[PDB]
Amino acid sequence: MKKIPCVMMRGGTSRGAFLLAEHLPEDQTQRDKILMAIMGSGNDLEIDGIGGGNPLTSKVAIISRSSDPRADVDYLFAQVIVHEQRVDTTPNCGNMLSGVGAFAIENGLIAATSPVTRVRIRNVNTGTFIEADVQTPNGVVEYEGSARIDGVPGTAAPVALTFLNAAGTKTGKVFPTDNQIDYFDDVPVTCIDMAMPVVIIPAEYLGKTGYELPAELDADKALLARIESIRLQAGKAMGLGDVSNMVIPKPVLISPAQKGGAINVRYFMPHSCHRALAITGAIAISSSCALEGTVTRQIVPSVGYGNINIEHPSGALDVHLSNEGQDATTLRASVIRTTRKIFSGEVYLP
């Protein structure tokens, strides 16, 4: 293959290639080689591709009509490594998800309504179903707007992303250990599975304020050891086992908010500190703020339901919670993002 139709979009705080699955081979090895060639994997600047030389700008979304009768379109995410020729398809990138709905409408994968078009998205990586609400005045995708998000200059049209089956994405229970609060190494933590299995740890119980820079937290090797002792222990307790080379659970250091939000967090990828915050992690953290009996209730003031602002090293993120039922299994989370179509045309492969 020497050329392929391609669309570059900014999805939230990320950017990358949006492709139709029609235009890719079924063989996983050949498909991954094409993705590396599109983004320019293997060079620090990705000088020979369309990638920006940074993980945030070296992503791929593969879109198609859904194989599942409950969804409209299928969404497969791929992380194209920058420094080396590798492809990773493990996580669900919530920011690239912001572009899926608009891309599906512009490419005729679903009929548009007015003034908004609902798009049912199934993330192939995780099996998670997300509804996207796209601004479509007169049936035409609108990118201009007055919505604003951290990390992106200016304003764009808002896209609403509502997670439909976040409860027990990897376990099947909101609290896999059957306890709202557990104890590991004399540290009160909370094990919760909402869009992402995480173990919530108060930063102060590990001798940290929780406001340190991600680089400073990565340098404290004694802290990273104390975090791993809890992560390995929490994973086994959450119905998993020997998570030593799995990327779950995600340890999250929490502390009170400093800029008026509900909570401040430090998200670990497992082993390094996230420079911002994963959307799935934001779902899990905001959920613990609303559910009764979690360790979060001992750290930050009660929030109830509504807008829950999560602070992270590089800004803040609003998560809207809602629950029409009684159990935590019906807790519904939504996030506002923005997206923009940047480049539409043909990408050529070396």
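Counting begins at 1, following the sequence as shown.
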Report summary line: Looking only at C-alpha temperature factors in the entry, 135-143 or 168-176, the higher average sits in 168-176
Query - Mean C-alpha B-factor comparison - 111-119 and 222-230, higher one - result: 222-230
**Report entry** Candidate set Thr280, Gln85, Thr89, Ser272 [ranked by C-alpha B-factor, highest]
**Finding:** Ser272
Requested in this report: Would you mind checking which of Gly260, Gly210, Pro153, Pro249 has the top Cα temperature factor in the PDB entry?
Outcome: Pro249
**Report entry** Chain-relative CA temperature factor third for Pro256
**Finding:** lowest
Query raised in the report: By the record's CA B-factor, is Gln79 among the lowest, middle or highest third of residues in the chain?
Result: lowest
Query raised in the report: Which third, lowest, middle or highest, does the CA B-factor of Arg297 fall in along this chain?
Result: highest
Requested in this report: Sorting the chain's modelled residues by C-alpha B-factor, tell me whether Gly49 ends up in the lowest, middle or highest third.
Outcome: lowest
Query - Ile200 CA temperature factor, ranked by third within the chain - result: middle
